[PDB]
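*Asks:* Sharing model11.cif (mmCIF, C-alpha atoms) below.
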data_entry
#
loop_
_atom_site.label_atom_id
_atom_site.label_comp_id
_atom_site.auth_asym_id
_atom_site.auth_seq_id
_atom_site.Cartn_x
_atom_site.Cartn_y
_atom_site.Cartn_z
CA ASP A 821 -4.89 -25.41 -30.77
CA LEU A 822 -7.37 -22.63 -31.60
CA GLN A 823 -5.93 -20.22 -34.14
CA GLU A 824 -9.07 -18.59 -35.54
CA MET A 825 -11.96 -17.39 -33.42
CA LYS A 826 -14.66 -15.59 -35.39
CA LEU A 827 -17.89 -14.31 -33.83
CA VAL A 828 -20.14 -11.67 -35.43
CA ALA A 829 -23.78 -10.66 -34.82
CA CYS A 830 -23.73 -12.43 -31.46
CA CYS A 831 -25.04 -11.17 -28.13
CA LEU A 832 -21.70 -10.56 -26.40
CA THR A 833 -21.64 -9.06 -22.93
CA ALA A 834 -19.06 -7.26 -20.83
CA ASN A 835 -18.94 -10.53 -18.88
CA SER A 836 -17.96 -12.41 -22.05
CA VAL A 837 -15.26 -9.89 -23.00
CA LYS A 838 -14.40 -9.70 -19.28
CA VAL A 839 -13.76 -13.42 -18.67
CA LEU A 840 -12.17 -13.51 -22.12
CA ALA A 841 -9.86 -10.81 -20.73
CA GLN A 842 -9.39 -12.94 -17.59
CA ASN A 843 -8.48 -16.29 -19.19
CA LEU A 844 -7.23 -15.19 -22.62
CA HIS A 845 -3.65 -15.52 -21.30
CA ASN A 846 -3.96 -19.32 -21.42
CA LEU A 847 -4.81 -19.30 -25.14
CA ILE A 848 -1.60 -18.76 -27.07
CA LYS A 849 -1.89 -19.68 -30.76
CA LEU A 850 -5.13 -17.72 -31.30
CA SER A 851 -3.66 -15.42 -33.93
CA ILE A 852 -6.90 -14.47 -35.72
CA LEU A 853 -9.63 -12.61 -33.82
CA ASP A 854 -13.10 -11.49 -34.92
CA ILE A 855 -15.43 -10.06 -32.28
CA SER A 856 -16.82 -7.38 -34.58
CA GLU A 857 -20.42 -6.60 -35.64
CA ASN A 858 -21.45 -6.60 -31.97
CA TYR A 859 -22.32 -4.14 -29.20
CA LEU A 860 -21.18 -3.75 -25.60
CA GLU A 861 -23.70 -2.15 -23.25
CA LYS A 862 -21.57 -1.03 -20.30
CA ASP A 863 -17.80 -1.05 -19.62
CA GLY A 864 -16.93 -1.66 -23.27
CA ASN A 865 -14.30 1.00 -22.68
CA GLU A 866 -13.15 -0.83 -19.54
CA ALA A 867 -13.36 -4.42 -20.79
CA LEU A 868 -11.89 -3.24 -24.09
CA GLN A 869 -8.85 -1.62 -22.43
CA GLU A 870 -8.41 -4.59 -20.10
CA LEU A 871 -8.83 -6.82 -23.15
CA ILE A 872 -6.11 -5.08 -25.19
CA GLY A 873 -3.96 -4.97 -22.05
CA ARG A 874 -4.30 -8.74 -22.13
CA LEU A 875 -3.56 -8.64 -25.88
CA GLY A 876 -0.14 -7.14 -25.17
CA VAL A 877 0.85 -10.53 -23.72
CA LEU A 878 0.26 -12.22 -27.09
CA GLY A 879 2.92 -12.51 -29.78
CA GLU A 880 1.13 -14.03 -32.77
CA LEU A 881 -2.03 -11.92 -33.20
CA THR A 882 -2.23 -10.53 -36.74
CA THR A 883 -6.01 -10.28 -37.30
CA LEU A 884 -8.22 -7.95 -35.26
CA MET A 885 -11.90 -7.28 -36.00
CA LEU A 886 -13.43 -4.91 -33.47
CA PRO A 887 -17.10 -3.99 -32.82
CA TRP A 888 -18.86 -0.77 -31.85
CA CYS A 889 -19.77 0.39 -28.35
CA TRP A 890 -19.95 3.61 -26.33
CA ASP A 891 -17.20 6.10 -25.32
CA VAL A 892 -14.51 4.49 -27.42
CA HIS A 893 -12.02 7.11 -28.59
CA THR A 894 -10.51 7.15 -25.12
CA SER A 895 -9.77 3.48 -25.77
CA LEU A 896 -8.30 4.42 -29.16
CA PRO A 897 -4.99 5.80 -27.72
CA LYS A 898 -4.58 2.69 -25.56
CA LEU A 899 -5.37 0.37 -28.46
CA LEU A 900 -2.89 2.33 -30.57
CA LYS A 901 -0.53 2.44 -27.58
CA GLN A 902 -0.51 -1.34 -27.27
CA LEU A 903 0.03 -1.37 -31.04
CA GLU A 904 2.98 0.88 -30.32
CA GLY A 905 3.93 -2.08 -28.17
CA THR A 906 2.98 -4.43 -31.00
CA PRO A 907 5.29 -4.34 -34.05
CA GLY A 908 3.18 -6.78 -36.06
CA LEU A 909 -0.30 -6.69 -37.61
CA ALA A 910 -1.78 -7.83 -40.93
CA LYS A 911 -5.60 -7.64 -40.77
CA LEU A 912 -7.43 -4.66 -39.28
CA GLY A 913 -11.18 -4.17 -39.19
CA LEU A 914 -12.73 -1.35 -37.18
CA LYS A 915 -16.53 -1.07 -37.13
CA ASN A 916 -18.42 2.17 -36.33
CA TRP A 917 -16.05 4.07 -34.08
CA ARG A 918 -17.35 7.61 -34.90
CA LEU A 919 -13.81 8.99 -34.96
CA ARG A 920 -12.71 12.57 -35.57
CA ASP A 921 -9.59 14.45 -36.66
CA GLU A 922 -7.73 13.95 -33.37
CA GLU A 923 -7.98 10.16 -33.52
CA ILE A 924 -7.01 10.00 -37.19
CA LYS A 925 -3.96 12.16 -36.48
CA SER A 926 -3.16 9.94 -33.50
CA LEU A 927 -3.17 7.17 -36.10
CA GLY A 928 -1.10 9.59 -38.17
CA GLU A 929 1.65 9.78 -35.56
CA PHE A 930 1.28 6.01 -35.16
CA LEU A 931 1.98 5.15 -38.80
CA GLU A 932 4.52 7.97 -39.06
CA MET A 933 6.42 6.51 -36.10
CA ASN A 934 5.63 2.78 -36.46
CA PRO A 935 6.03 1.52 -40.06
CA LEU A 936 3.48 -1.31 -40.28
CA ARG A 937 2.95 -2.40 -43.89
CA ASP A 938 2.01 -6.04 -43.48
CA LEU A 939 -1.62 -4.90 -43.30
CA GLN A 940 -3.82 -6.15 -46.14
CA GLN A 941 -7.49 -5.59 -45.30
CA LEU A 942 -8.76 -2.56 -43.42
CA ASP A 943 -12.20 -1.49 -42.28
CA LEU A 944 -13.00 1.99 -41.00
CA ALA A 945 -16.78 2.08 -40.67
CA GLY A 946 -19.10 4.91 -39.64
CA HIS A 947 -17.05 7.94 -38.62
CA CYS A 948 -17.50 11.70 -38.84
CA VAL A 949 -13.96 12.82 -39.66
CA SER A 950 -14.08 16.27 -41.28
CA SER A 951 -12.83 17.00 -44.81
CA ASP A 952 -9.44 18.35 -43.72
CA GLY A 953 -9.03 15.21 -41.64
CA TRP A 954 -9.89 13.32 -44.80
CA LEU A 955 -7.11 15.22 -46.59
CA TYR A 956 -4.63 14.58 -43.78
CA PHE A 957 -6.06 11.05 -43.86
CA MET A 958 -4.79 10.99 -47.44
CA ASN A 959 -1.41 12.03 -46.06
CA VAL A 960 -1.55 9.10 -43.61
CA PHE A 961 -2.90 6.80 -46.31
CA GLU A 962 -0.26 8.33 -48.58
CA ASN A 963 2.32 7.00 -46.11
CA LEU A 964 0.94 3.45 -46.55
CA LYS A 965 2.10 1.20 -49.38
CA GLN A 966 0.74 -2.33 -48.89
CA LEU A 967 -3.01 -2.12 -48.25
CA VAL A 968 -4.90 -4.55 -50.47
CA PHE A 969 -8.61 -4.80 -49.58
CA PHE A 970 -10.35 -2.05 -47.67
CA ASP A 971 -13.56 -0.27 -46.75
CA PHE A 972 -13.78 3.43 -45.86
CA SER A 973 -17.57 3.62 -45.77
CA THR A 974 -19.23 6.10 -43.43
CA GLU A 975 -22.37 8.24 -43.19
CA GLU A 976 -23.69 10.37 -46.07
CA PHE A 977 -20.65 12.59 -46.55
CA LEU A 978 -20.02 15.00 -49.39
CA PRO A 979 -16.27 14.87 -50.12
CA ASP A 980 -14.22 17.79 -51.39
CA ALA A 981 -12.41 17.69 -54.72
CA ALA A 982 -9.07 17.80 -52.90
CA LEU A 983 -10.05 14.52 -51.23
CA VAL A 984 -11.11 13.19 -54.64
CA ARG A 985 -7.86 14.18 -56.32
CA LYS A 986 -5.66 12.84 -53.53
CA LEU A 987 -7.78 9.70 -53.76
CA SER A 988 -6.99 9.44 -57.47
CA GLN A 989 -3.29 10.20 -56.93
CA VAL A 990 -2.68 7.85 -54.02
CA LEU A 991 -5.14 5.13 -55.07
CA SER A 992 -3.61 5.32 -58.53
CA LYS A 993 -0.21 5.35 -56.80
CA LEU A 994 -0.58 2.19 -54.72
CA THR A 995 -0.25 -1.21 -56.35
CA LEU A 996 -2.28 -3.91 -54.59
CA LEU A 997 -5.76 -2.40 -55.05
CA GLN A 998 -8.05 -5.41 -55.31
CA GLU A 999 -11.32 -4.15 -53.84
CA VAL A 1000 -12.32 -0.82 -52.34
CA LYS A 1001 -15.63 -0.15 -50.60
CA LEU A 1002 -17.06 3.34 -50.06
CA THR A 1003 -20.77 3.37 -49.19
CA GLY A 1004 -22.64 6.54 -48.29
CA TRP A 1005 -20.93 8.95 -50.67
CA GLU A 1006 -21.55 11.45 -53.46
CA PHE A 1007 -19.53 11.11 -56.68
CA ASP A 1008 -21.68 12.32 -59.53
CA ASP A 1009 -20.05 12.38 -62.97
CA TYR A 1010 -16.49 13.69 -63.04
CA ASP A 1011 -15.42 12.48 -59.60
CA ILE A 1012 -16.86 9.00 -60.13
CA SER A 1013 -15.43 8.86 -63.67
CA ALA A 1014 -12.00 10.13 -62.59
CA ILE A 1015 -10.87 7.31 -60.28
CA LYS A 1016 -11.21 3.91 -61.94
CA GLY A 1017 -8.23 1.56 -61.99
CA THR A 1018 -7.17 -1.94 -60.91
CA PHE A 1019 -9.50 -2.00 -57.90
CA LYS A 1020 -13.15 -3.05 -57.60
CA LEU A 1021 -15.40 -0.22 -56.46
CA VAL A 1022 -18.34 -0.78 -54.12
CA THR A 1023 -20.84 2.06 -53.73
CA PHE B 616 -13.14 33.41 -67.58
CA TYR B 617 -15.56 35.20 -69.89
CA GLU B 618 -19.19 36.09 -69.10
CA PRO B 645 -18.10 25.98 -68.23
CA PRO B 646 -17.89 22.17 -67.96
CA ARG B 647 -15.07 21.71 -70.49
CA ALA B 648 -12.39 23.31 -68.31
CA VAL B 649 -13.92 21.53 -65.31
CA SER B 650 -13.22 18.37 -67.30
CA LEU B 651 -9.75 19.68 -68.17
CA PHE B 652 -8.55 20.14 -64.61
CA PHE B 653 -10.64 17.15 -63.49
CA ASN B 654 -8.75 14.35 -65.22
CA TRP B 655 -5.24 14.50 -63.75
CA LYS B 656 -4.01 16.58 -60.84
CA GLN B 657 -0.34 17.34 -60.39
CA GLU B 658 1.76 19.89 -58.51
CA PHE B 659 0.76 23.13 -60.20
CA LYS B 660 2.53 26.06 -58.57
CA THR B 661 0.09 28.94 -59.05
CA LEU B 662 -3.10 29.55 -61.03
CA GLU B 663 -4.44 32.91 -62.17
CA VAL B 664 -8.21 33.30 -62.36
CA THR B 665 -9.61 35.99 -64.66
CA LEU B 666 -13.21 36.64 -63.63
CA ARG B 667 -15.07 38.63 -66.30
CA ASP B 668 -18.63 39.95 -65.84
CA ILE B 669 -20.39 37.27 -63.76
CA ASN B 670 -24.12 37.93 -64.07
CA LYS B 671 -25.88 34.57 -64.24
CA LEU B 672 -25.27 32.51 -61.12
CA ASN B 673 -26.39 28.91 -60.79
CA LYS B 674 -25.23 26.43 -58.16
CA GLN B 675 -23.64 24.03 -60.67
CA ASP B 676 -21.09 26.59 -61.83
CA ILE B 677 -20.61 27.65 -58.19
CA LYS B 678 -19.64 24.13 -57.17
CA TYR B 679 -17.65 23.31 -60.33
CA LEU B 680 -15.69 26.56 -60.53
CA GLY B 681 -15.31 26.29 -56.77
CA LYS B 682 -13.80 22.81 -56.96
CA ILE B 683 -11.41 23.71 -59.80
CA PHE B 684 -9.37 26.03 -57.59
CA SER B 685 -7.42 23.33 -55.68
CA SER B 686 -5.17 22.42 -58.60
CA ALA B 687 -2.29 24.70 -57.57
CA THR B 688 -0.43 25.44 -54.36
CA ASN B 689 -1.31 29.15 -54.62
CA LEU B 690 -4.34 30.95 -56.02
CA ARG B 691 -4.47 34.37 -57.67
CA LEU B 692 -8.10 35.45 -57.80
CA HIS B 693 -9.06 38.32 -60.10
CA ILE B 694 -12.40 40.11 -59.78
CA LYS B 695 -13.35 41.91 -63.01
CA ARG B 696 -16.75 43.67 -62.88
CA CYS B 697 -18.66 40.68 -61.52
CA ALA B 698 -22.24 41.57 -60.59
CA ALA B 699 -23.42 38.19 -59.27
CA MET B 700 -20.56 38.09 -56.72
CA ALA B 701 -21.83 41.14 -54.82
CA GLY B 702 -22.60 39.00 -51.77
CA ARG B 703 -21.44 35.53 -52.80
CA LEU B 704 -17.78 35.99 -51.89
CA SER B 705 -17.61 33.75 -48.82
CA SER B 706 -20.21 31.30 -50.16
CA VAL B 707 -18.21 30.30 -53.23
CA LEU B 708 -14.77 30.57 -51.62
CA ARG B 709 -15.73 28.57 -48.51
CA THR B 710 -14.29 25.39 -50.03
CA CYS B 711 -11.44 27.43 -51.56
CA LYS B 712 -8.95 27.29 -48.71
CA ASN B 713 -6.03 27.74 -51.12
CA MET B 714 -5.67 31.44 -51.94
CA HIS B 715 -2.59 33.63 -52.37
CA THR B 716 -3.63 37.01 -53.77
CA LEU B 717 -6.79 38.78 -54.83
CA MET B 718 -7.80 41.72 -57.02
CA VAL B 719 -11.02 43.74 -56.86
CA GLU B 720 -12.08 45.34 -60.15
CA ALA B 721 -15.35 47.30 -60.04
CA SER B 722 -17.77 44.96 -58.28
CA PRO B 723 -20.15 45.53 -55.36
CA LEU B 724 -19.10 44.21 -51.98
CA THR B 725 -20.54 43.82 -48.49
CA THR B 726 -19.12 44.26 -45.01
CA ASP B 727 -19.26 40.57 -44.08
CA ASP B 728 -17.50 39.70 -47.33
CA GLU B 729 -14.70 42.04 -46.27
CA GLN B 730 -14.75 40.17 -42.97
CA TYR B 731 -14.28 37.04 -45.05
CA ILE B 732 -11.32 38.76 -46.73
CA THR B 733 -9.79 39.45 -43.33
CA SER B 734 -10.86 35.99 -42.11
CA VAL B 735 -8.35 34.13 -44.27
CA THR B 736 -4.68 34.30 -43.29
CA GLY B 737 -2.98 32.96 -46.42
CA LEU B 738 -3.96 36.09 -48.35
CA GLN B 739 -0.69 37.93 -48.91
CA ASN B 740 -1.43 40.53 -51.60
CA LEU B 741 -4.65 42.45 -52.13
CA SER B 742 -5.93 45.02 -54.63
CA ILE B 743 -9.15 47.05 -54.61
CA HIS B 744 -10.46 49.51 -57.20
CA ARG B 745 -13.59 51.62 -57.80
CA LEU B 746 -15.58 51.55 -54.57
CA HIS B 747 -18.36 54.10 -54.97
CA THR B 748 -20.24 53.21 -51.79
CA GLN B 749 -19.16 54.42 -48.36
CA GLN B 750 -16.87 52.06 -46.48
CA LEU B 751 -18.94 50.65 -43.63
CA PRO B 752 -17.31 50.06 -40.23
CA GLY B 753 -16.64 46.55 -39.02
CA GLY B 754 -15.31 45.53 -42.44
CA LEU B 755 -11.98 45.53 -44.25
CA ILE B 756 -10.46 48.66 -42.71
CA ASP B 757 -11.75 47.83 -39.22
CA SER B 758 -10.51 44.23 -39.02
CA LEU B 759 -7.41 45.04 -41.06
CA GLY B 760 -4.81 43.61 -38.69
CA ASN B 761 -5.62 39.95 -39.38
CA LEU B 762 -3.84 39.60 -42.76
CA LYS B 763 -0.58 38.76 -41.01
CA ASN B 764 1.31 38.07 -44.25
CA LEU B 765 0.30 41.24 -46.11
CA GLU B 766 3.08 42.58 -48.33
CA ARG B 767 1.46 44.27 -51.36
CA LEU B 768 -1.67 46.34 -50.82
CA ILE B 769 -3.42 48.39 -53.52
CA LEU B 770 -6.06 51.03 -52.76
CA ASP B 771 -7.92 53.05 -55.38
CA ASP B 772 -11.20 55.02 -55.42
CA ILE B 773 -12.50 54.30 -51.92
CA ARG B 774 -15.31 56.29 -50.32
CA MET B 775 -14.43 56.91 -46.66
CA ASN B 776 -14.06 59.73 -44.16
CA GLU B 777 -11.44 60.92 -41.66
CA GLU B 778 -12.26 58.53 -38.80
CA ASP B 779 -12.37 55.59 -41.19
CA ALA B 780 -8.85 56.56 -42.25
CA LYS B 781 -7.90 56.81 -38.56
CA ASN B 782 -9.08 53.29 -37.73
CA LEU B 783 -7.59 52.24 -41.06
CA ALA B 784 -4.25 53.55 -39.78
CA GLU B 785 -4.93 51.69 -36.53
CA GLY B 786 -5.16 48.59 -38.69
CA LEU B 787 -1.89 49.69 -40.28
CA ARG B 788 -0.23 49.69 -36.85
CA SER B 789 -0.89 45.96 -36.53
CA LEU B 790 0.55 44.37 -39.67
CA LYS B 791 4.34 44.59 -39.64
CA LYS B 792 5.32 42.67 -42.80
CA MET B 793 4.14 45.08 -45.51
CA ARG B 794 6.45 45.98 -48.38
CA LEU B 795 4.30 47.84 -50.91
CA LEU B 796 1.46 50.30 -50.42
CA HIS B 797 -0.90 52.13 -52.76
CA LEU B 798 -3.29 54.82 -51.52
CA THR B 799 -4.24 56.34 -54.84
CA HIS B 800 -7.23 58.60 -55.61
CA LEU B 801 -8.65 59.19 -52.14
CA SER B 802 -10.91 61.99 -50.88
CA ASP B 803 -12.46 62.98 -47.52
CA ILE B 804 -9.10 62.22 -45.90
CA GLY B 805 -8.32 65.58 -44.29
CA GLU B 806 -5.62 65.12 -41.61
CA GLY B 807 -5.88 61.32 -41.78
CA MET B 808 -2.44 61.23 -43.39
CA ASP B 809 -0.89 62.22 -40.06
CA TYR B 810 -2.29 58.99 -38.63
CA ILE B 811 -1.36 56.98 -41.73
CA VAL B 812 2.23 58.25 -42.03
CA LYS B 813 2.44 58.12 -38.22
CA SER B 814 1.42 54.46 -38.47
CA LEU B 815 3.98 53.76 -41.20
CA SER B 816 7.03 55.59 -39.80
CA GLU B 817 7.08 53.77 -36.44
CA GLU B 818 9.81 51.14 -36.82
CA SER B 819 12.23 50.24 -39.59
CA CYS B 820 9.62 48.31 -41.55
#
Would you kindly transcribe this structure into structure tokens?
*Replies:*
Amino acid sequence: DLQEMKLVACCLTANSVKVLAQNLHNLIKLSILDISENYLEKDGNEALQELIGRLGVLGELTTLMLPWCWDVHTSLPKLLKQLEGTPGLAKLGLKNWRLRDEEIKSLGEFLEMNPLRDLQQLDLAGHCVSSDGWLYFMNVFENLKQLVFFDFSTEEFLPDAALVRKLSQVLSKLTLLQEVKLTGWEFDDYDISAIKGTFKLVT
Amino acid sequence: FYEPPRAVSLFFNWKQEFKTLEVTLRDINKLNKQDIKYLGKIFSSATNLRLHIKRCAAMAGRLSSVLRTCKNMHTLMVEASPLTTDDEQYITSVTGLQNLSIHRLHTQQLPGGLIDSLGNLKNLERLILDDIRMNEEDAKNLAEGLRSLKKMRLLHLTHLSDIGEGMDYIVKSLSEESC
């Protein structure tokens, strides 16, 4: 009858994710999944892709919280490919994936081909997407309408004013802004004083 | 723009779909990083940018440094300011530049600059040349740059010296196809 399984800051192995990806087919109602804030030493690509290939069998999973490991943006098109096989998701948390422009435009073709607006909380931690991929990321985020609580924190990145102004236009445009987290950023006087609305900012 | 946080505040409250902005640059002598970054970040308010150089002394080598963020640019005018070769390579580096003016160049046009990498401005339509110090071979390779760009509609070659028999190469470059 398990429907929520939440594990963070725990010493997971590729054997744990492996056997989880070998006997996860028996568990059916487990619709809420947190394995984030963890690290996989070896075969995190392999046990991740086998894991999501097991996750295609499921039909209730709406909450996914995913950790950080090595060589992962080859697993991004297969995660997003099984989410092209999955027309339903509501909670997405993605920790420290170090993504770039190609992965965020793969997500761009994903959301511009699959309309998924049941999603309410979103984490995109620790990535080195360039400023034009931040702008196109405001085109992809411009496509969204129903995101509620999210976190776009990354490393110490200086944004451009085009990113700031699309952030004011689209963040002012969307409705359900409860709490927004951006940590590791530079917004000095005008940029920090030109955003504020119905959300709750976290530096 | 004479000789400015208030206009930085003015564009930096709301941003909408401005079509085009015209920038009048007048006599830039002092040059601190705060005005570089502020006046740099203003320029993304419109969909097209019309930059006007007017006798700016501090921008003798700071062309590419300030405009590095400024991806949006439509046309540019050069009015009586010093300029380097690599800055001309920054002029030819951008592709969205469609119309260009240049006036009062006292110094000799160095090779490897504007006239040597001329064939990169693939949407050039209006080109204005006045008071340029060159020689014959610079006009020849200039005309070799004229053989590349095939979308021009308007050309000015006013007030030019040391151009003996370069006009055969220039007019030869222009009268090739029905342009």
*Asks:* On this file, the PyMOL selection byres ((chain A) within 9 of (chain B)) gives some set of residues; write that set as a PyMOL selection string.
*Replies:* chain A and resi 980-982+985-986+988-989+1010-1011+1013-1015
*Asks:* Hey, what's within 9 Å of range 758-760 of chain B if we count all atoms listed in the file and toss same-chain stuff fewer than 2 positions away? As a PyMOL selection string, please?
*Replies:* chain B and resi 729-730+733-734+753-756+762-763+783+785-790
*Asks:* Within 7 Å of range 943-952 of chain A, counting only C-alpha atoms, which residues qualify if same-chain residues fewer than 5 places away don't, as a PyMOL selection string?
*Replies:* chain A and resi 912-921+970-975+979-980
*Asks:* Please expand the PyMOL selection byres ((chain B and resi 691-694) around 9) into the concrete residues it hits in this file, giving the result as a PyMOL selection string.
*Replies:* chain B and resi 661-668+689-690+695-697+700+714-722
*Asks:* Within 10 Å of range 860-871 of chain A, counting only C-alpha atoms, which residues show up once you throw out same-chain ones fewer than 6 positions away? Write them as a PDB file with C-alpha atoms, keeping the file's coordinate frame, please.
*Replies:*
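File produced: selection_23.pdb:
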ATOM      1  CA  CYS A 831     -25.040 -11.170 -28.130  1.00  0.00           C
ATOM      2  CA  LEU A 832     -21.700 -10.560 -26.400  1.00  0.00           C
ATOM      3  CA  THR A 833     -21.640  -9.060 -22.930  1.00  0.00           C
ATOM      4  CA  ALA A 834     -19.060  -7.260 -20.830  1.00  0.00           C
ATOM      5  CA  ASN A 835     -18.940 -10.530 -18.880  1.00  0.00           C
ATOM      6  CA  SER A 836     -17.960 -12.410 -22.050  1.00  0.00           C
ATOM      7  CA  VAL A 837     -15.260  -9.890 -23.000  1.00  0.00           C
ATOM      8  CA  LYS A 838     -14.400  -9.700 -19.280  1.00  0.00           C
ATOM      9  CA  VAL A 839     -13.760 -13.420 -18.670  1.00  0.00           C
ATOM     10  CA  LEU A 840     -12.170 -13.510 -22.120  1.00  0.00           C
ATOM     11  CA  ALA A 841      -9.860 -10.810 -20.730  1.00  0.00           C
ATOM     12  CA  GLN A 842      -9.390 -12.940 -17.590  1.00  0.00           C
ATOM     13  CA  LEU A 844      -7.230 -15.190 -22.620  1.00  0.00           C
ATOM     14  CA  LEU A 886     -13.430  -4.910 -33.470  1.00  0.00           C
ATOM     15  CA  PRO A 887     -17.100  -3.990 -32.820  1.00  0.00           C
ATOM     16  CA  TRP A 888     -18.860  -0.770 -31.850  1.00  0.00           C
ATOM     17  CA  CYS A 889     -19.770   0.390 -28.350  1.00  0.00           C
ATOM     18  CA  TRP A 890     -19.950   3.610 -26.330  1.00  0.00           C
ATOM     19  CA  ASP A 891     -17.200   6.100 -25.320  1.00  0.00           C
ATOM     20  CA  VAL A 892     -14.510   4.490 -27.420  1.00  0.00           C
ATOM     21  CA  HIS A 893     -12.020   7.110 -28.590  1.00  0.00           C
ATOM     22  CA  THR A 894     -10.510   7.150 -25.120  1.00  0.00           C
ATOM     23  CA  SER A 895      -9.770   3.480 -25.770  1.00  0.00           C
ATOM     24  CA  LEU A 896      -8.300   4.420 -29.160  1.00  0.00           C
ATOM     25  CA  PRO A 897      -4.990   5.800 -27.720  1.00  0.00           C
ATOM     26  CA  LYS A 898      -4.580   2.690 -25.560  1.00  0.00           C
ATOM     27  CA  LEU A 899      -5.370   0.370 -28.460  1.00  0.00           C
ATOM     28  CA  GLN A 902      -0.510  -1.340 -27.270  1.00  0.00           C
TER      29      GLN A 902
END
*Asks:* For the file shown, report as a PyMOL selection string the outcome of the PyMOL selection byres ((chain B and resi 702-704) around 7) at residue level.
*Replies:* chain B and resi 700-701+705-708+724-725+728
*Asks:* Mind giving me the straight-line distance from CA of residue 818 in chain B to CA of residue 757 in chain B in Å, one decimal?
*Replies:*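 Interatomic distance, CA of residue 818 in chain B to CA of residue 757 in chain B: 21.9 Å.
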*Asks:* Quick one: of A:956, A:930, A:961, A:1019, who's nearest to residue 1001 in chain A, counting all atoms listed in the file?
*Replies:* A:1019
*Asks:* Provide the CA of residue 906 in chain A to CA of residue 942 in chain A distance in Å, to one decimal place.
*Replies:*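 CA of residue 942 in chain A lies at a distance of 17.2 Å from CA of residue 906 in chain A.
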*Asks:* Between B:687, B:805, B:674, B:617, single out the one closest to residue 659 in chain B, counting only C-alpha atoms.
*Replies:* B:687
*Asks:* In Å, with one decimal, what is the gap from CA of residue 964 in chain A to CA of residue 660 in chain B?
*Replies:*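 CA of residue 660 in chain B lies 25.7 Å from CA of residue 964 in chain A.
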*Asks:* Ranking A:967, A:872, A:983, A:978 by minimum distance to residue 1008 in chain A and counting all atoms listed in the file, which one comes first?
*Replies:*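 Once distances to residue 1008 in chain A are computed over all atoms listed in the file, the minimum belongs to A:978.
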*Asks:* Give as a PyMOL selection string every residue, naming chains and numbers as the document does, that has an atom within 6 Å of (-3.7, 56.5, -39.5), counting all atoms listed in the file.
*Replies:* chain B and resi 780-781+783-785+807+810-811+814
*Asks:* Export, as a compact mmCIF listing (two decimals), in the frame of the given file, the selected residues with C-alpha atoms.
*Replies:*
# COMPACT_ATOMS: atom_id res chain seq x y z
CA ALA B 780 -8.85 56.56 -42.25
CA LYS B 781 -7.90 56.81 -38.56
CA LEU B 783 -7.59 52.24 -41.06
CA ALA B 784 -4.25 53.55 -39.78
CA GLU B 785 -4.93 51.69 -36.53
CA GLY B 807 -5.88 61.32 -41.78
CA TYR B 810 -2.29 58.99 -38.63
CA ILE B 811 -1.36 56.98 -41.73
CA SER B 814 1.42 54.46 -38.47
*Asks:* Determine the nearest neighbour of residue 748 in chain B from the options B:736, B:670, B:764, B:726, counting only C-alpha atoms.
*Replies:*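 Going through B:736, B:670, B:764, B:726 one by one, the smallest distance to residue 748 in chain B is for B:726.
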*Asks:* Could you list, as a list in words, every residue within 8 Å of residue 1022 in chain A, counting all atoms listed in the file and ignoring same-chain residues fewer than 5 positions away?
*Replies:*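 The filter keeps residues 999, 1000, 1001, 1002 and 1003 of chain A.
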*Asks:* I'd like to know which of A:879, A:953, A:1017, A:907 is closest to residue 934 in chain A, using only C-alpha atoms.
*Replies:*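 Using only C-alpha atoms, residue 934 in chain A sits closest to A:907.
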*Asks:* Point out the residue among A:910, A:936, A:1004, A:854 with the least atom-to-atom distance to residue 976 in chain A, counting all atoms listed in the file.
*Replies:*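 Among A:910, A:936, A:1004, A:854, it is A:1004 that comes nearest to residue 976 in chain A.
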*Asks:* At a cut-off of 9 Å from (-7.8, -14.8, -29.5) in the coordinates of the file, what residues are picked up using all atoms listed in the file, written as a ChimeraX atom specification?
*Replies:* /A:822-825,840,844,847-854,875,878,881,884
